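> Before I ask anything, let me first share the structure, which is written out below as structure tokens.
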Amino acid sequence: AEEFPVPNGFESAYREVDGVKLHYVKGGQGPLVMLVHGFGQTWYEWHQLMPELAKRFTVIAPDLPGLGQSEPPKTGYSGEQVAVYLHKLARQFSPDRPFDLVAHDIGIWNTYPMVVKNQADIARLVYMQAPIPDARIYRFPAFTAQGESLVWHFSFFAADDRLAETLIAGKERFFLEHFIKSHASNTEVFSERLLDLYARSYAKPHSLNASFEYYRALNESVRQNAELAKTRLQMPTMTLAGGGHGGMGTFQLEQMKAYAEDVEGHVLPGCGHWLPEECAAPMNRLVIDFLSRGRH
Amino acid sequence: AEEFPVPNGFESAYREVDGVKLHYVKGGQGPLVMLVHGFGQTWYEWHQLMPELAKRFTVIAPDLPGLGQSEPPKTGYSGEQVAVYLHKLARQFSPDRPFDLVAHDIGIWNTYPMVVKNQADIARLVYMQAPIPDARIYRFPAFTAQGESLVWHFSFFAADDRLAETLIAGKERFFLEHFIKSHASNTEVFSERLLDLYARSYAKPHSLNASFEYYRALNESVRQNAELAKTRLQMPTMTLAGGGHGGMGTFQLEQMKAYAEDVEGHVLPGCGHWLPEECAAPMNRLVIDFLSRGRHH
């Protein structure tokens, strides 16, 4: 059964990539755009953008390895390892043209290495609401004068003893509602049904573990990216970030300036971390307009 | 009933202070020293040091409000509120003479206001393994390249919706073994038997909640101390910190220099956060020697 409802004109499907069965939802015609979700979510976070984008592009939205309906990786959870799966999956559908890439939260972690190593394959790039793993993440504070900080969960999720799985099992719905709303400006967009669907998905034991294995590999990803970042990104890039509670603010664009020669950025006031849901309409417009400057 | 075994010659007792029943263990003779435990623990963390100190001092080790066998505070959990209870308790047993103070972890938070507001009541001071609440705590990292972030649990414990109690209830023994060992260098001293004792105490629902209310009041304590720290501490002070995994390192002394005119500091190599248990012999020696510079039995 499908964990989330598939939009009209799209298909839910699977492809084996290096022995790992990846789930994705695909529709549209034209050059390929791959949309990569982040923590706590699945392909479904893109379900409002996908039909609009499908008017000019072939759109594919995979579930990250181990999350949604995708099998766990058989290599590992570091950015370079996961990016192989996403790169090869995209190339099955766009072998002869470069494709566009849009990524949210840890979707950035899981795609940056294949972008930087296969630049001729990437037409345009959109990154939103997460640092690329590098030394800048070691500067975020553990605690703020207003209470809990933006990324203390990096340490919670990366802790050993399966600390996060053990404390959250049996409380998956409670924890996901807290985490989503603590990083949101607009909490009203998260209906009880929507939270039910996301919680059901990541409560699968292999998905709950997969969720935190991305963070247990974060320092390895930082170390990997320290070598990769010697090559600058040359393709047109756009960053988006929330300006409200939970948002990265100016950090997203300022970090990307060190990685990309050709980058434009927007900060969305009144929006937090969950841009495709909290601020669906303006986020959709900025992405569509940015991608539609290319051939379509 | 007693949650932890009382050392031979000591008594476990209770004293009502401003409507709150405080548990403490007391023994010895001579000038008073009060030992104040921190998070995850109770008076019992001092149980190896207490018999040695009691040869020269009257020793009292209270349970912080809401923890161990002490009732929760009635005012609040900010450092200035809790310090009233501890100051009044100490002065019940030393009403006409200054007393010594040793504090670990959030025992610092819960004593610093009464030290700075009643300086003539404190003869000598020993602080170990925690920042005094001030703006420096906003500078610690959420995530580190090596090891683990020392204070990311500040945000976890301070989070609203009772996040920490809701996740940890029923899993207190698992969580306490993880938190203690992740902040330790010499993990082998935390036997399953010792962890069982500590976990049973803080698993009492009101103690689990009290544990996190100290962190939910931390920003209030920072704001309080911004005013209080306009007067430096004048009495002899010593800081201790672990140099190993989980230790504060040089931060403990460096911050204390901003608070105290007369301070000496030690970093204990190969020791983490839990100095009384991980490094009992050097820590006990440092504390006994420092306090014995003052008059004693």
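For the structure tokens, the naming scheme is as follows: chains receive sequential letters (A, B, ...) according to their order of presentation, residues are indexed from 1 within each chain, and ligands are indexed from 1 in presentation order.
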As a ChimeraX atom specification, please: the residues near segment 228-241 of chain B (cut-off 7 Å, only C-alpha atoms, same-chain neighbours under 3 positions excluded).

/B:116,123-129,224-225,247-249,252-253,259-268

> Can you list, as a PyMOL selection string, every residue of segment 21-134 of chain B that DSSP puts in strand (DSSP E)?

chain B and resi 21-28+32-36+58-62+99-104+122-128

> Kindly provide the residues of chain B that approach chain A to within 12 Å, each paired with its closest atom pair and their distance in Å to one decimal, based on only C-alpha atoms, listed by chain and increasing number, as CSV.


residue,atom,partner,partner_atom,distance
B:133,CA,A:145,CA,11.1
B:134,CA,A:145,CA,9.9
B:135,CA,A:145,CA,8.3
B:136,CA,A:143,CA,10.4
B:137,CA,A:143,CA,7.2
B:138,CA,A:144,CA,5.5
B:139,CA,A:141,CA,5.9
B:140,CA,A:141,CA,5.7
B:141,CA,A:141,CA,4.5
B:142,CA,A:142,CA,3.6
B:143,CA,A:138,CA,5.6
B:144,CA,A:138,CA,5.5
B:145,CA,A:219,CA,6.2
B:146,CA,A:219,CA,8.3
B:147,CA,A:159,CA,10.2
B:148,CA,A:155,CA,7.1
B:149,CA,A:155,CA,6.8
B:150,CA,A:142,CA,8.7
B:151,CA,A:142,CA,6.3
B:152,CA,A:142,CA,4.8
B:153,CA,A:152,CA,7.8
B:154,CA,A:143,CA,6.2
B:155,CA,A:148,CA,4.2
B:156,CA,A:148,CA,7.0
B:157,CA,A:148,CA,8.7
B:158,CA,A:147,CA,6.5
B:159,CA,A:148,CA,5.9
B:160,CA,A:148,CA,8.7
B:161,CA,A:178,CA,7.6
B:162,CA,A:178,CA,10.0
B:163,CA,A:175,CA,7.7
B:164,CA,A:167,CA,9.3
B:165,CA,A:167,CA,10.2
B:166,CA,A:171,CA,8.1
B:167,CA,A:167,CA,5.2
B:168,CA,A:167,CA,6.1
B:169,CA,A:167,CA,8.9
B:170,CA,A:167,CA,9.4
B:171,CA,A:167,CA,7.1
B:172,CA,A:167,CA,9.6
B:173,CA,A:167,CA,11.5
B:174,CA,A:166,CA,8.7
B:175,CA,A:163,CA,7.7
B:176,CA,A:163,CA,10.9
B:177,CA,A:161,CA,9.9
B:178,CA,A:161,CA,7.2
B:179,CA,A:163,CA,9.7
B:181,CA,A:161,CA,10.7
B:182,CA,A:159,CA,9.0
B:183,CA,A:159,CA,12.0
B:215,CA,A:147,CA,9.5
B:216,CA,A:147,CA,8.0
B:217,CA,A:147,CA,9.7
B:218,CA,A:147,CA,8.9
B:219,CA,A:145,CA,6.0
B:220,CA,A:145,CA,9.1
B:221,CA,A:145,CA,10.8
B:222,CA,A:145,CA,8.6
B:223,CA,A:145,CA,9.3

> Env of segment 85-101 of chain B: 9 Å cut, atoms = only C-alpha atoms, seq-sep filter 2 positions within chain, self excluded. Answer as a PyMOL selection string.

chain B and resi 15-18+20+22+31-36+60+62+64-65+73+81-83+103+110-111+114-115+118-127+291

> Residues near residue 127 of chain A, anyone? I mean within 8 Å using only C-alpha atoms, not counting same-chain ones fewer than 2 positions away, as a compact mmCIF listing (two decimals) with C-alpha atoms, in the first residue's frame.


# COMPACT_ATOMS: atom_id res chain seq x y z
CA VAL A 102 15.93 20.60 -5.74
CA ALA A 103 16.75 19.50 -2.19
CA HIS A 104 15.46 20.26 1.33
CA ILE A 108 21.25 18.62 0.61
CA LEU A 125 20.44 23.60 -8.45
CA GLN A 129 16.94 24.91 4.74
CA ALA A 130 20.08 23.04 5.79
CA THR A 237 22.10 27.91 -8.12
CA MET A 238 19.31 29.33 -5.97
CA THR A 239 19.01 29.06 -2.20
CA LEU A 240 15.82 29.46 -0.17

> As an exercise, work out the distance from atom CA of residue 1 of chain B to atom CA of residue 63 of chain B in Å and give it to one decimal place.

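Value for the atom CA of residue 1 of chain B-atom CA of residue 63 of chain B distance: 14.5 Å.
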
> Would you kindly return, as a PDB file with N, CA and C atoms, in the first residue's frame, each protein, DNA or RNA residue with an atom no farther than 7 Å from any atom of residue 58 of chain A, considering only C-alpha atoms and excluding same-chain residues fewer than 3 positions away?


ATOM      1  N   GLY A  27       6.062  12.031 -12.640  1.00  0.00           N
ATOM      2  CA  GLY A  27       5.085  12.472 -13.620  1.00  0.00           C
ATOM      3  C   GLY A  27       5.665  13.595 -14.448  1.00  0.00           C
ATOM      4  N   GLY A  28       4.916  13.989 -15.473  1.00  0.00           N
ATOM      5  CA  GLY A  28       5.308  15.110 -16.303  1.00  0.00           C
ATOM      6  C   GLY A  28       6.072  14.696 -17.548  1.00  0.00           C
ATOM      7  N   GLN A  29       6.395  15.708 -18.347  1.00  0.00           N
ATOM      8  CA  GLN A  29       7.142  15.556 -19.587  1.00  0.00           C
ATOM      9  C   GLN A  29       8.139  16.697 -19.682  1.00  0.00           C
ATOM     10  N   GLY A  30       9.261  16.439 -20.339  1.00  0.00           N
ATOM     11  CA  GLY A  30      10.278  17.448 -20.503  1.00  0.00           C
ATOM     12  C   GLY A  30      11.540  17.080 -19.756  1.00  0.00           C
ATOM     13  N   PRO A  31      12.472  18.027 -19.633  1.00  0.00           N
ATOM     14  CA  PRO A  31      13.722  17.739 -18.922  1.00  0.00           C
ATOM     15  C   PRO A  31      13.436  17.376 -17.473  1.00  0.00           C
ATOM     16  N   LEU A  32      14.358  16.621 -16.882  1.00  0.00           N
ATOM     17  CA  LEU A  32      14.136  16.018 -15.573  1.00  0.00           C
ATOM     18  C   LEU A  32      14.460  16.986 -14.439  1.00  0.00           C
ATOM     19  N   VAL A  33      13.571  17.033 -13.442  1.00  0.00           N
ATOM     20  CA  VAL A  33      13.828  17.685 -12.162  1.00  0.00           C
ATOM     21  C   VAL A  33      13.674  16.626 -11.083  1.00  0.00           C
ATOM     22  N   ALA A  54       5.196  19.682 -13.124  1.00  0.00           N
ATOM     23  CA  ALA A  54       4.994  18.684 -14.169  1.00  0.00           C
ATOM     24  C   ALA A  54       4.435  19.284 -15.449  1.00  0.00           C
TER      25      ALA A  54
END

> Report the distance between atom CA of residue 47 of chain B and atom CA of residue 250 of chain B in Å, rounded to one decimal place.

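Calculated distance between atom CA of residue 47 of chain B and atom CA of residue 250 of chain B is 26.7 Å.
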
> One decimal, in Å: what's the spacing between atom CA of residue 176 of chain A and atom CA of residue 195 of chain A?

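Atom-to-atom, atom CA of residue 176 of chain A to atom CA of residue 195 of chain A, that is 7.6 Å.
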
> Between B:7, B:28, B:107, B:40, which residue has the minimum interatomic distance to residue 297 of chain B, considering only C-alpha atoms?

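Result for the nearest residue to residue 297 of chain B: B:28.
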
> Counting only C-alpha atoms, what is within 9 Å of residue 206 of chain B, bar same-chain residues fewer than 6 positions away, as a ChimeraX atom specification?

/B:66-67,71-72

> Among segment 131-290 of chain B, which residues does DSSP mark as alpha helix (DSSP H) when it is run on the backbone? Keep the chain and numbering as in the structure and answer as an MDAnalysis selection string.

chainID B and resid 153:158 163:168 172:182 192:202 205:216 218:228 251:259 275:278 280:290

> Write out the residues from the selection above, keeping C-alpha atoms, as a compact mmCIF listing (two decimals), in the first residue's frame.


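result15.txt written:
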# COMPACT_ATOMS: atom_id res chain seq x y z
CA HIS B 153 21.20 18.50 26.67
CA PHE B 154 20.46 22.08 27.86
CA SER B 155 18.10 22.45 24.90
CA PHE B 156 16.70 18.91 25.20
CA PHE B 157 15.89 19.36 28.88
CA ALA B 158 14.57 22.90 28.46
CA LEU B 163 9.54 16.71 25.69
CA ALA B 164 12.23 15.19 27.93
CA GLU B 165 9.93 13.60 30.55
CA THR B 166 7.62 12.28 27.86
CA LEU B 167 10.45 10.51 26.02
CA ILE B 168 12.40 9.38 29.08
CA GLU B 172 15.05 6.27 32.99
CA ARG B 173 17.60 3.52 33.68
CA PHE B 174 18.62 3.32 30.02
CA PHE B 175 18.85 7.09 29.67
CA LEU B 176 20.85 7.66 32.85
CA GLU B 177 23.47 5.05 31.94
CA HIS B 178 23.87 6.73 28.56
CA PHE B 179 24.10 10.31 29.92
CA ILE B 180 26.50 9.39 32.72
CA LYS B 181 28.84 7.31 30.58
CA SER B 182 28.81 9.74 27.62
CA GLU B 192 25.19 -1.63 36.84
CA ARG B 193 24.58 -1.74 40.59
CA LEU B 194 25.48 1.94 41.10
CA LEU B 195 23.47 3.01 38.03
CA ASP B 196 20.46 1.07 39.37
CA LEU B 197 20.59 3.12 42.59
CA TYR B 198 20.74 6.49 40.84
CA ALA B 199 18.11 5.54 38.26
CA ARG B 200 15.59 4.41 40.89
CA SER B 201 15.79 7.82 42.56
CA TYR B 202 15.36 10.06 39.56
CA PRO B 205 7.89 11.14 38.51
CA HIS B 206 8.30 14.35 40.52
CA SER B 207 12.09 13.88 40.49
CA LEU B 208 12.23 13.28 36.74
CA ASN B 209 10.24 16.48 36.24
CA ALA B 210 12.24 18.42 38.83
CA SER B 211 15.47 17.38 37.05
CA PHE B 212 14.39 19.16 33.88
CA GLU B 213 12.78 22.17 35.57
CA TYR B 214 16.28 23.26 36.58
CA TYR B 215 17.08 23.57 32.87
CA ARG B 216 13.74 25.22 32.08
CA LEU B 218 18.31 28.29 33.21
CA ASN B 219 17.67 31.42 31.16
CA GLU B 220 15.99 33.00 34.19
CA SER B 221 19.08 32.10 36.23
CA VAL B 222 21.29 33.73 33.58
CA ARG B 223 19.23 36.93 33.83
CA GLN B 224 19.44 36.81 37.65
CA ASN B 225 23.21 36.35 37.63
CA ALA B 226 23.71 39.25 35.22
CA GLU B 227 22.71 41.53 38.10
CA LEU B 228 24.36 39.55 40.89
CA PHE B 251 36.75 26.74 31.02
CA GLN B 252 35.93 26.16 34.69
CA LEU B 253 38.80 28.26 36.05
CA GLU B 254 38.71 30.81 33.22
CA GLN B 255 35.04 31.67 33.88
CA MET B 256 35.56 31.65 37.66
CA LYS B 257 38.26 34.33 37.34
CA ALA B 258 35.51 36.70 36.17
CA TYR B 259 33.57 35.95 39.39
CA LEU B 275 34.90 13.65 39.54
CA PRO B 276 33.87 12.16 42.95
CA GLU B 277 33.40 8.72 41.36
CA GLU B 278 35.80 8.74 38.39
CA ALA B 280 37.95 9.91 43.97
CA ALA B 281 41.51 9.86 45.30
CA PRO B 282 42.84 13.09 43.72
CA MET B 283 39.52 14.95 43.97
CA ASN B 284 39.01 14.08 47.63
CA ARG B 285 42.60 15.08 48.42
CA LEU B 286 42.25 18.41 46.63
CA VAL B 287 39.01 19.23 48.47
CA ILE B 288 40.17 18.14 51.93
CA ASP B 289 43.46 20.03 51.61
CA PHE B 290 41.78 23.20 50.34

> At a cut-off of 12 Å, using only C-alpha atoms, what residues contact segment 284-289 of chain A? Leave out same-chain residues fewer than 3 positions from it and give the result as a VMD selection string.

chain A and resid 33 35 45 to 57 59 100 to 103 124 to 128 237 to 241 264 to 268 275 to 281 292 to 296
